[PDB]
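K.L.:
Input: one structure, supplied below.
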Amino acid sequence: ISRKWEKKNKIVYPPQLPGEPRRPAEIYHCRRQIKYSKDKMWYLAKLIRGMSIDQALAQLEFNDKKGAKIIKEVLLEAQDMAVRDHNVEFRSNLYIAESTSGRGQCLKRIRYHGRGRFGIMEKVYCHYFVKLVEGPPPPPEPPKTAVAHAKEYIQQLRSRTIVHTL
Amino acid sequence: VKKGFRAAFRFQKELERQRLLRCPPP
Amino acid sequence: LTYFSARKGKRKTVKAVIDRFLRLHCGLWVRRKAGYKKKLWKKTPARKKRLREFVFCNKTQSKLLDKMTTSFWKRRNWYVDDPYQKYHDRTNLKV
Amino acid sequence: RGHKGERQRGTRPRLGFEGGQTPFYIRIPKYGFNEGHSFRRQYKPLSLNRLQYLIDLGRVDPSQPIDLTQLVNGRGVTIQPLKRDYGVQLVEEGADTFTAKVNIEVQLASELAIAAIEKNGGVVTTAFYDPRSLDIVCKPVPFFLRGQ
Amino acid sequence: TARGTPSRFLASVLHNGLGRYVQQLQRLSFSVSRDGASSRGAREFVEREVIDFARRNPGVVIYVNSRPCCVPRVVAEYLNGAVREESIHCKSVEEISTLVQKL
Amino acid sequence: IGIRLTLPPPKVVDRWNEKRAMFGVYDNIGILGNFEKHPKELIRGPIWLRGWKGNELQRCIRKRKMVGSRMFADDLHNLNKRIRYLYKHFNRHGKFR
Amino acid sequence: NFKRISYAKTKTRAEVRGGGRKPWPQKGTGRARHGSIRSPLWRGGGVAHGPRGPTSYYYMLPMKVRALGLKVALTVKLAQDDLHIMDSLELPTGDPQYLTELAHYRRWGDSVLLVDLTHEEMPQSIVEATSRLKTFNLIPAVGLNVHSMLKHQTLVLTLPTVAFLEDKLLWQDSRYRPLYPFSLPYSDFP
Amino acid sequence: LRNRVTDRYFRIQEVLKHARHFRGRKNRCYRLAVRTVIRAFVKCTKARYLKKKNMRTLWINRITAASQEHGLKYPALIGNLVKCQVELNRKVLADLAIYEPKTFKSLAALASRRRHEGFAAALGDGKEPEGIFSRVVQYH
Amino acid sequence: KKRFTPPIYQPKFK
RNA sequence: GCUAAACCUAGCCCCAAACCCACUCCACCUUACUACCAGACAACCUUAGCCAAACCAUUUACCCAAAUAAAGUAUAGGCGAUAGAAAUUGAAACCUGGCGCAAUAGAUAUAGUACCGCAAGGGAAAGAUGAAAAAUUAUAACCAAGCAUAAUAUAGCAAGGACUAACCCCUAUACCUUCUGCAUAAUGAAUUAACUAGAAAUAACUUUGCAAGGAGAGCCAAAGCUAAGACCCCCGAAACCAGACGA
RNA sequence: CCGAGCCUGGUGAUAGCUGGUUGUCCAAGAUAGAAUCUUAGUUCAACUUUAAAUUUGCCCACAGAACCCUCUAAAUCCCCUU
RNA sequence: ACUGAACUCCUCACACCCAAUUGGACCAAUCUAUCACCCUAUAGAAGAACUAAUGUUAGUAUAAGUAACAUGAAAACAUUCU
RNA sequence: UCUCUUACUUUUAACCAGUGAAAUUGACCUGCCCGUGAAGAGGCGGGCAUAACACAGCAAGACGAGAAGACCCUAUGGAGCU
Ligand SMILES: [Mg+2]
Ligand SMILES: [Mg+2]
Ligand SMILES: [Mg+2]
Ligand SMILES: [Mg+2]
Ligand SMILES: [Mg+2]
Ligand SMILES: [Mg+2]
Ligand SMILES: [Mg+2]
Ligand SMILES: [Mg+2]
Ligand SMILES: [Mg+2]
Ligand SMILES: [Mg+2]
Ligand SMILES: [Mg+2]
Ligand SMILES: [Mg+2]
Ligand SMILES: [Mg+2]
Ligand SMILES: [Mg+2]
Ligand SMILES: [Mg+2]
Ligand SMILES: [Mg+2]
Ligand SMILES: [Mg+2]
Ligand SMILES: [Mg+2]
Ligand SMILES: [Mg+2]
Ligand SMILES: [Mg+2]
Ligand SMILES: [Mg+2]
Ligand SMILES: [Mg+2]
Ligand SMILES: [Mg+2]
Ligand SMILES: [Mg+2]
Ligand SMILES: [Mg+2]
Ligand SMILES: [Mg+2]
Ligand SMILES: [Mg+2]
Ligand SMILES: [Mg+2]
Ligand SMILES: [Mg+2]
Ligand SMILES: [Mg+2]
Ligand SMILES: [Mg+2]
Ligand SMILES: [Mg+2]
Ligand SMILES: [Mg+2]
Ligand SMILES: [Mg+2]
Ligand SMILES: [Mg+2]
Ligand SMILES: [Mg+2]
Ligand SMILES: [Mg+2]
Ligand SMILES: [Mg+2]
Ligand SMILES: [Mg+2]
Ligand SMILES: [Mg+2]
Ligand SMILES: [Mg+2]
Ligand SMILES: [Mg+2]
């Protein structure tokens with residue numbers, strides 16, 4: 001058993017200078033031993049990814065799954081600990097930067113088939129990781145138009161030189 | 001346990017090399 | 001031939017080799033041609049004389065007879081009236 | 001180990017088996033070569049040349065009667081108590097250039113050897129001893145330490 | 001293979017053949033043990049030929065730390081800043097001489 | 001992974017102890033000792049090998065001949081089985097014959 | 001190697017408590033082919049080829065070879081200035097401090113093998129001086145070998161001790177055959 | 001266990017360091033990485049002749065393209081160059097055709113003149129001139 | 001004949 | 001970074017020495033773990049079998065008296081694969097360890113526990129922070145197989161040659177084996193970590209020592225004798241007997 | 001799971017039958033046959049592996065190697081020079 | 001006419017491409033004696049090396065979130081209905 | 001039963017919620033024709049073919065999965081009957 005995600009909230013930074021930017025905050029929080037599947041948790045994390053915290057809560061409140069309420073409570077308690085301890089004033093100025101899933105400790109049981117044989121029932125467990133960063137959420141990457149492809153093709157055709165001689 | 005010291009020393013040196021490579025000191 | 005016994009753990013010999021052959025100290029085994037005493041009425045006297053001669057063995061046969069025996073049968077005996085005493089030592093040997 | 005089979009599995013016949021074929025040491029009939037070798041009387045050779053050599057070196061003093069214990073102490077011949085040995089014989093190989101003049105007790109002495117010994121003025125005594133007497137005369141110190 | 005290791009181009013460090021040729025090697029930090037059977041070659045080298053090697057080219061500085069260790073090593077630094085560290089564990093005097101000459 | 005992370009403690013050994021500094025004492029006592037006792041009598045250990053080498057099966061035969069009359073039941077059975085196995089492996093199986 | 005008794009012993013596939021019947025049929029199920037457990041291929045079986053009983057590496061060298069080795073060791077200790085002949089191993093007060101100070105002043109090294117003679121004829125001063133140190137040892141003239149000499153750096157002998165060693169090493173040359181062991185009273189040999 | 005293996009991971013890393021840029025399970029499975037590295041090294045060793053042949057064919061194709069652009073062919077050019085006592089391999093010819101067109105055009109003109117002189121000598125079975133640019137130099 | 005093999009049950013500790 | 005990787009002690013095997021023990025009260029021979037009522041009958045016995053002799057019917061060390069040489073000698077033996085003495089010189093009392101190991105090793109064992117059958121019986125993994133857990137602290141992280149971080153982008157046993165850039169250009173028919181010929185559509189394989197497979201005599205080769213003698217009693221010897229080094233696998237069947245159990 | 005049961009010991013039974021047999025380099029290295037209740041094995045020929053002793057190994061040439069009625073080829077065996 | 005190999009040549013020194021098999025040289029984790037203690041040498045021993053034996057054990061992927069699958073309805077939760 | 005099948009209900013079928021297999025897997029960036037090879041090629045030669053990724057059904061091939069074939073043959077390996 002290893003626990004290194006809950007300890008990232010204790011990294012103290014030196015005091016900045018007046019000629020330095022604001023630097024956004026980083027809030028780490030995760031739960032352990034959750035009776036759920038890792039694939040569904042990863043699907044929920046992919047549904048979330050980089051969006052606003054309020055939009056994520058709204059999408060999870062109407063999500064018909066088992067871990068939706070769990071992730072909702074995780075985000076709620078993380079926002080609470082951020083506004084109470086991590087020095088956060090605005091409640092709607094947060095966005096999820098990283099959101100992934102892991103795997104928990106498993107056991108073994110029986111399945112009982114239709115003969116003397118049987119199966120290995122492995123109790124699947126998983127976790128859930130999430131990171132909260134202050135400030136407005138970054139806009140998504142816009143798709144490159146034909147001008148970008150044309151410029152890249154021109155650059156590729158201009159970068160080629162003589163080969164296999166001198 | 002596995003009795004030895006030279007292989008353990010080489011493994012510790014490799015760990016120190018990986019540490020100094022991942023985190024380059026000033 | 002039992003390379004290791006169960007009581008002494010030594011090497012045993014084959015008594016048939018001792019009863020049918022005779023090793024000299026030079027490294028030669030004296031044998032006897034078979035059939036020298038049976039059906040002698042249909043054989044020419046030349047064959048009868050040839051069968052009654054002390055014939056030596058070969059190389060692989062001598063090696064086999066030596067491997068079937070131990071170090072006791074490869075010594076040198078000094079009998080009082082040994083008819084094969086002059087055949088123990090072999091002189092005039094040039095590789 | 002080569003290819004598979006008995007050459008690799010180790011299940012090989014004993015030394016001398018030719019795979020059903022009659023071996024060489026069986027097709028030959030028996031003969032009276034070593035009938036009673038464990039009962040024949042063996043005698044270690046002893047030439048007059050080696051006796052004169054021992055006398056000249058000093059290991060055999062020609063002032064005392066020489067028998068078996070004197071030859072064992074001088075270490076000129078090796079008398080084995082076992083292997084059916086009834087003493088040491090005499091060899092006339094060193095007939096010429098033999099000047100010793102000393103009595104010697106030999107179990108088996110030939111005519112030429114006795115003649116050559118009597119030429120200088122020696123005495124040859126032919127005696128017989130049982131293997132127990134041989135073992136006694138070879139090493140008398142353990143016989144004295146025995147207690148019999 | 002070439003698809004697994006990085007490559008470069010063949011060029012001079014600061015055009016030595018055009019103007020004047022300078023010595024690329026700078027320092028040579030040797031680590032010879034005091035007692036042991038693994039630095040005999042390095043000991044004999046420092047005893048007999050290190051003076052000739054230092055007098056051959058004045059632009060190369062030789063450092064002898066003489067630290068009691070087990071594997072004798074040598075540090076060679078150049079003008080560009082590359083540091084190539086090799087070990088002379090159980091080598092003859094001729095081998096070490098050829099190695100330092102190649103360096 | 002079968003590699004120990006932390007280094008083992010330095011196993012220091014005093015090379016000048018009792019049996020180390022006094023090794024080989026009273027060895028070869030027959031030559032320079034007017035021949036009183038044989039050097040093979042200074043070997044301390046099992047009684048069935050005090051001055052005798054032998055082979056793997058010969059040692060078992062000597063043990064069953066000397067000490068075999070004062071062992072256990074399971075130990076004697078295991079010794080007999082090992083002797084039978086060595087006999088069947090040396091006088092039936094093998095090579096160079 | 002002449003005083004080595006390896007007490008290492010590992011059980012085979014027959015001495016291990018277990019393995020009697022046949023686990024699963026060979027033709028029935030589609031598992032691996034096995035006839036009994038406690039095998040060197042299974043988990044918890046015996047060693048296939050390992051130490052079987054105590055192995056004794058007993059072997060003796062000829063007496064002449066050992067005498068020549070002793071003479072060679074003596075020549076090596078004498079040539080390299082590592083042999084100091086004494087007349088009477090005595091000390092004024094008998095203490096390890098004076099002994100090690102004298103050893104360091106006379107330039108001997110970190111170790112020295114002090115050899116006396118007859119064992120019983122040894123003074124108490126040097127005994128009490130050596131009974132408190134590890135490098136200094138007191139062995140009689142009979143208990144002198146080659147390993148103890150090669151382990152130390154120098155050697156210390158005495159005139160009667162070196163005479164005894166010389167005569168015992170020259171007794172091997174110009175002698176008779178063994179024939180019977182020398183433990184007998186003999187006549188000339190004491 | 002007595003004096004067993006205590007440095008097996010180092011051998012695994014030494015084998016896997018050559019398989020740090022492969023696709024699939026070959027960069028992680030040692031049992032397959034061994035075979036992959038073996039085949040990779042074998043092909044890298046055996047492809048030297050292939051590389052040499054490819055470079056030679058590329059040089060020949062470049063020379064042929066240059067000769068066709070100038071107004072000649074490849075076999076005639078090679079023959080006229082080997083019949084004028086000038087030893088220039090394919091690499092320098094390709095380098096000139098790519099970088100120095102003036103000397104390549106001069107070589108093509110010399111080759112055409114040598115070919116014309118050879119044709120004239122063959123049709124006349126020569127007698128007297130036998131080519132001005134001919135006349136082989138005798139080295140004794 | 002009628003060949004058939006009986007199944008084997010593992011111990012109740014895994 | 002999740003899954004999960006190493007942290008030594010219960011001790012385990014054989015030596016030398018020593019000979020080792022068995023009711024606190026009740027219950028234990030019937031339905032043992034049952035306080036109390038009328039036929040007393042209960043042991044005294046060649047073991048067998050496998051293998052080998054290429055089968056096998058004679059035969060095959062195992063027999064419980066200390067070493068060795070004799071000697072693997074006389075002998076027994078479908079006289080053959082094998083077995084094997086005796087007579088004889090003889091055999092120095094007393095000292096506390098491992099050139100063995102650390103939980104897939106070493107006894108199976110923390111234990112003869114769970115579990116299987118009415119029954120004899122078979123029978124397996126366990127325990128890791130620390131001086132202060134009455135320090136529930138903040139850290140020490142970093143390596144395998146499985147995962148997200150960071151999915152795919154045309155072409156081809158997954159590889160090589162290469163250029164300024166992954167592909168695009170060319171070449172190239174996985175691994176060990178019974179086999180003349182195997183990737184062949186024959187055999188084995190999902191990986192990682194632990195374990196597993198050449199043990200030895202007579203006769204041979206080399207190197208010290210001594211020498212007509214060598215060798216720490218025994219053995220060999222018309223240049224020999226002693227010592228050392230060097231060498232000969234694993235797993236997988238149907239069958240037979242002996243002692244106990246079941247309608 | 002009875003054309004003959006479960007457990008233990010003989011037993012690590014035997015088995016010409018199947019499979020496997022662990023790091024590097026270099027050198028040498030490819031098979032006329034006979035016997036066996038044997039061709040799925042074994043033993044002996046021939047070849048291969050080491051260090052020594054001796055001197056001749058290969059095409060060699062004029063010449064030599066009965067036959068018989070009907071032909072009887074391409075070749076072979078001993079062979080100093082080179 | 002030209003293209004066209006591991007055949008030949010250019011600078012180097014050349015033991016660095018046969019089945020079975022044989023011979024010669026190095027390599028590393030344990031203990032012991034001798035020197036050093038940021039890790040190696042001289043000598044003795046090995047339970048001295050795993051890409052394979054439907055090899056034994058424990059962790060974990062593809063197959064596969066594939067097949068199988070529960071609870072009669074309303075409700076004050078006091079009840080009612082087939 | 002067919003000519004010639006059809007009208008409905010349940011199990012079941014397709015999606016949502018979770019426990020969740022078994023056989024099997026050398027790795028796959030996995031198309032077709034002609035020809036060749038250990039004799040039946042998606043990985044060999046020449047051609048044709050080609051943006052990538054899931055869901056819902058059928059079997060034509062991958063000599064596909066389960067049993068070291070029970071049919072034929074070898075075994076100086078067994079057993080039953082007379
Ligand atoms: Mg095989
Ligand atoms: Mg075969
Ligand atoms: Mg057999
Ligand atoms: Mg027959
Ligand atoms: Mg058993
Ligand atoms: Mg079995
Ligand atoms: Mg075990
Ligand atoms: Mg048989
Ligand atoms: Mg007796
Ligand atoms: Mg255990
Ligand atoms: Mg166990
Ligand atoms: Mg990993
Ligand atoms: Mg291609
Ligand atoms: Mg292999
Ligand atoms: Mg096969
Ligand atoms: Mg075939
Ligand atoms: Mg296949
Ligand atoms: Mg097959
Ligand atoms: Mg398969
Ligand atoms: Mg009934
Ligand atoms: Mg077997
Ligand atoms: Mg066969
Ligand atoms: Mg070319
Ligand atoms: Mg060539
Ligand atoms: Mg070759
Ligand atoms: Mg082992
Ligand atoms: Mg091993
Ligand atoms: Mg492995
Ligand atoms: Mg299978
Ligand atoms: Mg495996
Ligand atoms: Mg499906
Ligand atoms: Mg369904
Ligand atoms: Mg229901
Ligand atoms: Mg579902
Ligand atoms: Mg092919
Ligand atoms: Mg086809
Ligand atoms: Mg295929
Ligand atoms: Mg089959
Ligand atoms: Mg047969
Ligand atoms: Mg049969
Ligand atoms: Mg039978
Ligand atoms: Mg029967």
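By convention here, the chains of the structure tokens are called A, B, ... in the order presented, each chain's residues are numbered starting at 1, and ligands are numbered starting at 1 in the order presented.
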Which residues are near ligand 10 in this structure, taking near to mean any atom at most 10 Å from a ligand atom and counting only C-alpha atoms (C1' of nucleotides) and all ligand atoms? Format them as number ranges by chain.

P.N.:
G: 43-44; J: 12, 103-109, 125

K.L.:
Can those selected residues be exported to a file as a PDB file, in the first residue's frame so that it contains N, CA and C atoms (P, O5', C5', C4', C3', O3' and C1' of nucleotides)?

P.N.:
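Output saved as out_11.pdb:
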```pdb
ATOM      1  N   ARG G  43       6.754 -27.460  -5.576  1.00  0.00           N
ATOM      2  CA  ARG G  43       7.020 -26.509  -4.506  1.00  0.00           C
ATOM      3  C   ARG G  43       7.020 -27.247  -3.173  1.00  0.00           C
ATOM      4  N   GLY G  44       8.168 -27.261  -2.505  1.00  0.00           N
ATOM      5  CA  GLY G  44       8.309 -27.936  -1.233  1.00  0.00           C
ATOM      6  C   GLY G  44       8.926 -29.316  -1.294  1.00  0.00           C
TER       7      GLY G  44
ATOM      8  P     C J  12      13.772 -26.739  15.576  1.00  0.00           P
ATOM      9  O5'   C J  12      14.100 -27.228  14.096  1.00  0.00           O
ATOM     10  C5'   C J  12      13.052 -27.554  13.196  1.00  0.00           C
ATOM     11  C4'   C J  12      13.466 -27.361  11.758  1.00  0.00           C
ATOM     12  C3'   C J  12      14.575 -28.263  11.243  1.00  0.00           C
ATOM     13  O3'   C J  12      14.137 -29.571  10.915  1.00  0.00           O
ATOM     14  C1'   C J  12      15.014 -26.045  10.586  1.00  0.00           C
ATOM     15  P     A J 103      13.418 -16.059   3.743  1.00  0.00           P
ATOM     16  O5'   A J 103      12.094 -16.943   3.792  1.00  0.00           O
ATOM     17  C5'   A J 103      11.977 -18.128   3.011  1.00  0.00           C
ATOM     18  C4'   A J 103      10.615 -18.766   3.150  1.00  0.00           C
ATOM     19  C3'   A J 103       9.428 -17.859   2.830  1.00  0.00           C
ATOM     20  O3'   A J 103       8.391 -18.631   2.226  1.00  0.00           O
ATOM     21  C1'   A J 103       9.250 -18.641   5.053  1.00  0.00           C
ATOM     22  P     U J 104       7.969 -18.357   0.701  1.00  0.00           P
ATOM     23  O5'   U J 104       8.569 -19.601  -0.092  1.00  0.00           O
ATOM     24  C5'   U J 104       8.310 -20.935   0.333  1.00  0.00           C
ATOM     25  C4'   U J 104       8.445 -21.917  -0.805  1.00  0.00           C
ATOM     26  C3'   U J 104       9.863 -22.104  -1.341  1.00  0.00           C
ATOM     27  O3'   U J 104      10.025 -23.446  -1.797  1.00  0.00           O
ATOM     28  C1'   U J 104       8.470 -21.269  -3.063  1.00  0.00           C
ATOM     29  P     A J 105      10.614 -24.572  -0.812  1.00  0.00           P
ATOM     30  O5'   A J 105      12.053 -24.022  -0.410  1.00  0.00           O
ATOM     31  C5'   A J 105      13.158 -24.152  -1.294  1.00  0.00           C
ATOM     32  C4'   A J 105      14.469 -23.991  -0.567  1.00  0.00           C
ATOM     33  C3'   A J 105      14.680 -24.901   0.633  1.00  0.00           C
ATOM     34  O3'   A J 105      15.116 -26.201   0.273  1.00  0.00           O
ATOM     35  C1'   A J 105      15.245 -22.686   1.221  1.00  0.00           C
ATOM     36  P     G J 106      14.452 -27.496   0.955  1.00  0.00           P
ATOM     37  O5'   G J 106      14.959 -27.442   2.465  1.00  0.00           O
ATOM     38  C5'   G J 106      16.343 -27.524   2.775  1.00  0.00           C
ATOM     39  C4'   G J 106      16.625 -27.025   4.170  1.00  0.00           C
ATOM     40  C3'   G J 106      15.881 -27.734   5.292  1.00  0.00           C
ATOM     41  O3'   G J 106      16.498 -28.947   5.687  1.00  0.00           O
ATOM     42  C1'   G J 106      15.677 -25.401   5.573  1.00  0.00           C
ATOM     43  P     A J 107      15.657 -30.317   5.711  1.00  0.00           P
ATOM     44  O5'   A J 107      14.652 -30.140   6.936  1.00  0.00           O
ATOM     45  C5'   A J 107      13.285 -29.820   6.717  1.00  0.00           C
ATOM     46  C4'   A J 107      12.369 -30.785   7.425  1.00  0.00           C
ATOM     47  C3'   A J 107      10.896 -30.692   7.059  1.00  0.00           C
ATOM     48  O3'   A J 107      10.585 -31.362   5.849  1.00  0.00           O
ATOM     49  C1'   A J 107      11.117 -30.791   9.409  1.00  0.00           C
ATOM     50  P     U J 108       9.916 -30.555   4.631  1.00  0.00           P
ATOM     51  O5'   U J 108       8.354 -30.617   4.938  1.00  0.00           O
ATOM     52  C5'   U J 108       7.413 -30.050   4.040  1.00  0.00           C
ATOM     53  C4'   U J 108       6.116 -29.715   4.732  1.00  0.00           C
ATOM     54  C3'   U J 108       6.235 -28.896   6.009  1.00  0.00           C
ATOM     55  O3'   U J 108       6.401 -27.510   5.763  1.00  0.00           O
ATOM     56  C1'   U J 108       4.764 -30.710   6.371  1.00  0.00           C
ATOM     57  P     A J 109       7.482 -26.666   6.599  1.00  0.00           P
ATOM     58  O5'   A J 109       6.743 -26.345   7.973  1.00  0.00           O
ATOM     59  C5'   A J 109       5.579 -25.535   8.000  1.00  0.00           C
ATOM     60  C4'   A J 109       4.770 -25.764   9.252  1.00  0.00           C
ATOM     61  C3'   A J 109       5.483 -25.496  10.569  1.00  0.00           C
ATOM     62  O3'   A J 109       5.512 -24.119  10.909  1.00  0.00           O
ATOM     63  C1'   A J 109       4.366 -27.573  10.690  1.00  0.00           C
ATOM     64  P     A J 125       2.591 -24.682   3.432  1.00  0.00           P
ATOM     65  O5'   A J 125       2.442 -23.105   3.264  1.00  0.00           O
ATOM     66  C5'   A J 125       3.144 -22.411   2.243  1.00  0.00           C
ATOM     67  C4'   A J 125       2.491 -21.092   1.916  1.00  0.00           C
ATOM     68  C3'   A J 125       2.421 -20.079   3.049  1.00  0.00           C
ATOM     69  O3'   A J 125       3.630 -19.360   3.224  1.00  0.00           O
ATOM     70  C1'   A J 125       0.312 -20.229   1.997  1.00  0.00           C
TER      71        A J 125
END
```

K.L.:
For ligand 42, return the neighbouring residues as a PyMOL selection string (distance at most 8 Å; only C-alpha atoms (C1' of nucleotides) and all ligand atoms).

P.N.:
(chain J and resi 239-240) or (chain M and resi 79)

K.L.:
Each residue of chain M lying at most 12 Å from ligand 22 should get a row with its shortest atom-to-atom pair and the distance in Å to one decimal, counting only C-alpha atoms (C1' of nucleotides) and all ligand atoms; could you produce that, ordered by chain and increasing number, as a Markdown table?

P.N.:
```
| residue | atom | partner | partner_atom_place_in_ligand_line | distance |
| --- | --- | --- | --- | --- |
| M:74 | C1' | ligand 22 | 1 (Mg) | 8.7 |
| M:75 | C1' | ligand 22 | 1 (Mg) | 7.7 |
| M:76 | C1' | ligand 22 | 1 (Mg) | 9.9 |
```

K.L.:
Just list the residues in stretch 120-149 of chain G DSSP gives strand (DSSP E or B) on the backbone, as a PyMOL selection string.

P.N.:
chain G and resi 136-139

K.L.:
Those selected residues, please, written with N, CA and C atoms and delivered as a compact mmCIF listing (two decimals), in the first residue's frame.

P.N.:
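The file below, selection23.txt, is the result:
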```
# COMPACT_ATOMS: atom_id res chain seq x y z
N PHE G 136 50.41 -11.44 18.77
CA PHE G 136 51.51 -12.19 19.36
C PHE G 136 51.02 -13.56 19.82
N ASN G 137 51.75 -14.61 19.43
CA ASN G 137 51.39 -15.97 19.78
C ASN G 137 52.63 -16.73 20.22
N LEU G 138 52.43 -17.69 21.12
CA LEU G 138 53.50 -18.54 21.64
C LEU G 138 53.14 -19.99 21.35
N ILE G 139 53.82 -20.58 20.37
CA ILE G 139 53.62 -21.99 20.04
C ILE G 139 54.94 -22.73 20.26
```

K.L.:
Could you work out which residues of chain E fall inside 9 Å of chain H? Count only C-alpha atoms, and format the result as a count of residues only.

P.N.:
4

K.L.:
Counting only C-alpha atoms (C1' of nucleotides) and all ligand atoms, name the residues that have an atom within 8 Å of an atom of ligand 24; the answer should be given as a PyMOL selection string.

P.N.:
chain L and resi 6-8

K.L.:
Within 8 Å of ligand 2, counting only C-alpha atoms (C1' of nucleotides) and all ligand atoms, which protein or nucleic acid residues do you find, written as a VMD selection string?

P.N.:
(chain D and resid 3 to 5) or (chain K and resid 40 to 41)

K.L.:
Just the residues within 8 Å of stretch 98-113 of chain G, please, counting only C-alpha atoms (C1' of nucleotides), with nothing from its chain fewer than 5 positions along; format it as a list in words.

P.N.:
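So the residues in contact are residues 82, 129, 135, 136, 137, 138, 139, 148, 149, 152, 153, 154, 155 and 156 of chain G.
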
K.L.:
Got time to write the residues from that selection, N, CA and C atoms, as a CSV table (one decimal), in the first residue's frame?

P.N.:
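File written: again06.csv
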```csv
chain,number,residue,atom,x,y,z
G,82,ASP,N,62.9,-11.7,7.6
G,82,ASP,CA,61.7,-11.9,8.5
G,82,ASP,C,62.0,-13.0,9.4
G,129,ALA,N,52.7,-11.9,28.8
G,129,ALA,CA,52.7,-10.8,27.9
G,129,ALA,C,51.9,-11.1,26.6
G,135,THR,N,47.9,-10.5,18.0
G,135,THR,CA,48.9,-10.8,17.0
G,135,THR,C,50.0,-11.6,17.5
G,136,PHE,N,50.4,-11.4,18.8
G,136,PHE,CA,51.5,-12.2,19.4
G,136,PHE,C,51.0,-13.6,19.8
G,137,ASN,N,51.8,-14.6,19.4
G,137,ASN,CA,51.4,-16.0,19.8
G,137,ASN,C,52.6,-16.7,20.2
G,138,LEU,N,52.4,-17.7,21.1
G,138,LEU,CA,53.5,-18.5,21.6
G,138,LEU,C,53.1,-20.0,21.4
G,139,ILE,N,53.8,-20.6,20.4
G,139,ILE,CA,53.6,-22.0,20.0
G,139,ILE,C,54.9,-22.7,20.3
G,148,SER,N,50.7,-20.8,9.8
G,148,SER,CA,51.0,-19.9,10.9
G,148,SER,C,52.1,-19.0,10.5
G,149,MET,N,53.1,-19.5,9.8
G,149,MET,CA,54.3,-18.7,9.3
G,149,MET,C,53.8,-17.7,8.2
G,152,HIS,N,51.7,-14.7,9.6
G,152,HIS,CA,52.5,-13.6,10.2
G,152,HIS,C,53.4,-13.0,9.2
G,153,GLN,N,54.1,-11.9,9.6
G,153,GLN,CA,55.0,-11.2,8.8
G,153,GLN,C,56.5,-11.7,9.1
G,154,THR,N,56.8,-11.9,10.3
G,154,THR,CA,58.1,-12.3,10.7
G,154,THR,C,58.1,-13.5,11.6
G,155,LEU,N,59.2,-14.1,11.8
G,155,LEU,CA,59.3,-15.3,12.7
G,155,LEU,C,60.5,-15.2,13.6
G,156,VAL,N,60.3,-15.7,14.9
G,156,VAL,CA,61.3,-15.6,15.9
G,156,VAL,C,61.6,-17.0,16.4
```

K.L.:
Return as a PyMOL selection string every polymer residue, whether protein, DNA or RNA, with at least one atom no more than 10 Å from an atom of ligand 21; count only C-alpha atoms (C1' of nucleotides) and all ligand atoms.

P.N.:
(chain D and resi 9+11) or (chain J and resi 234-236) or (chain K and resi 12-15)

K.L.:
In stretch 3-139 of chain H, what's helix (DSSP H, G or I) per DSSP? Answer as a PyMOL selection string?

P.N.:
chain H and resi 8-16+25-27+30-70+74-82+90-99+101-124

K.L.:
Could the residues of chain G within 6 Å of chain L, counting only C-alpha atoms (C1' of nucleotides), be given as a PyMOL selection string, please?

P.N.:
chain G and resi 32+41-43+50

K.L.:
Residues as selected, N, CA and C atoms, written as a short mmCIF file (atom, residue, chain, number, x, y, z; two decimals), in the first residue's frame, can you do that?

P.N.:
```
data_model
loop_
_atom_site.label_atom_id
_atom_site.label_comp_id
_atom_site.auth_asym_id
_atom_site.auth_seq_id
_atom_site.Cartn_x
_atom_site.Cartn_y
_atom_site.Cartn_z
N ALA G 32 -0.66 -31.08 -16.33
CA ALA G 32 0.67 -31.61 -16.59
C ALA G 32 0.77 -33.06 -16.12
N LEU G 41 10.81 -30.56 -8.95
CA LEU G 41 10.14 -29.62 -9.85
C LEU G 41 8.93 -28.95 -9.21
N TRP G 42 8.42 -29.50 -8.11
CA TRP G 42 7.26 -28.94 -7.44
C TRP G 42 7.71 -27.95 -6.36
N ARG G 43 6.75 -27.46 -5.58
CA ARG G 43 7.02 -26.51 -4.51
C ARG G 43 7.02 -27.25 -3.17
N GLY G 50 22.33 -32.03 -4.62
CA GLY G 50 22.84 -31.18 -3.56
C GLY G 50 23.73 -31.94 -2.60
#
```
